[PDB]
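First comes one chain, alone, set out as structure tokens in the form deposited without adenosine-5'-diphosphate.
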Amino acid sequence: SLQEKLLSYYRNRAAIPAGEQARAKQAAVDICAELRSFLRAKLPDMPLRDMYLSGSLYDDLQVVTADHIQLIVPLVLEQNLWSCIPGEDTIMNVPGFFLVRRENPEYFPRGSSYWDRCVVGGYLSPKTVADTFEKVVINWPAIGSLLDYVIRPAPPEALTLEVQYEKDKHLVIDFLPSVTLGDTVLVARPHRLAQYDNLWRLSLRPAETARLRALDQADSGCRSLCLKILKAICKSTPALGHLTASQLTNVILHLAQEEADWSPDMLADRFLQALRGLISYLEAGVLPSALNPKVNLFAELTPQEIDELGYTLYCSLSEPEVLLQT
């Protein structure tokens, strides 16, 4: 009956109608295709690659409603002029984040690189880049009419588009600057606290979802289904609002290294293990990344909030119709 409860909860709350999901993503795909050709002509100065889609909607892991997706804005930084410094090596002492430093100004003076205009204190400021990308940025009415969409950028949060693709269907697109030095991929979404605002955030998302997709392909497994049910519960339960998709994804990755068997009838059991696992990580104040275990995925939560989450989850064990209500 937990199985049946879980599959009912998925079909009735976690699942997005197949057409809504397809259309929402296609609208994102259309807008991306059009910006690429547009920005091509207009920005001959900027070391940027083409913007590209990212997020659960793109990878079929969005739940409840298809309402949001990112446009990654990938800067180009040359190796001999920049380095990334992991946060645990900075005085910030926070793994999972990075400082981006302008190297060798003696060899290659300031102004050699376009992004020198975005340097603060010798570091590439994630916020100065975001503001720079924003100020430079496009005829949205023109692009809208070309696709028969209604696209309306937001007032400050000006790096988000509101996209009316169907009559009463909208989705949100936000731009996300990004950088790659070596194998390390970074993203301009600020640490929650202002004093960490010069740090870029390590992005784990593409390797995490590829890991999870590859596992499920190899044996027709139910890891992704379990994830989405978990995402849907947290998304629909305001006391669980602080939990993020990346935390839930890594709960499932640890359990996958513990459990080889994820056949459909294992769903109920795997979900219980994930739920008890989340509770345990919450008790330890630490949820390490399965891909990069030095990273504590609870790093931005306060101990109080961490306490509140475990408490909510502990209560839910004896009131199961408050995780599973629709």
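We call the rigid core whatever largest set of C-alpha positions still superposes within 1.5 Å between the two forms. Note that residue numbering follows the sequence shown and begins at 1.
Not on display, but discussed next: the form solved in complex with adenosine-5'-diphosphate.
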Could you spot which one of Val179, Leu176, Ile252, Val163 gets a heavy atom to within 4.5 Å of adenosine-5'-diphosphate in the deposited bound form?
-> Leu176
Picking from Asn296, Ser56, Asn292, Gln273, the single residue whose non-hydrogen atoms come within 4.5 angstroms of adenosine-5'-diphosphate in the deposited bound form is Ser56
Counting only non-hydrogen atoms and a 4.5 angstroms cut-off, does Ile72 reach adenosine-5'-diphosphate in the deposited bound form?
-> yes
Taking 4.5 angstroms as the cut-off for heavy atoms, does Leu230 touch adenosine-5'-diphosphate in the deposited bound form?
-> no
Would you check, heavy atoms only and a 4.5 Å threshold, whether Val187 touches adenosine-5'-diphosphate in the deposited bound form?
-> yes
Indicate whether adenosine-5'-diphosphate has at least one heavy atom within 4.5 Å of a heavy atom of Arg205 in the deposited bound form.
-> yes
Please state whether all three residues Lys5, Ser316 and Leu324 have a non-hydrogen atom within 4.5 angstroms of adenosine-5'-diphosphate in the deposited bound form.
-> no
Select, from the options 43-51, 62-70, 28-36, 263-271, the stretch whose residues sit within 4.5 angstroms of adenosine-5'-diphosphate in the deposited bound form by heavy atom distance.
-> 62-70
Which residues in 238-261 have a heavy atom within 4.5 Å of adenosine-5'-diphosphate in the deposited bound form?
-> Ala245
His254: CA shift of at least 2 Å between the shown form and the other one after core fit?
-> no
Just checking, between the shown form and the other one and with the core aligned, does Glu88 shift 2 Å or more at the CA?
-> no
Does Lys169 move its CA by 2 angstroms or more between the shown form and the other one when the core is aligned?
-> yes
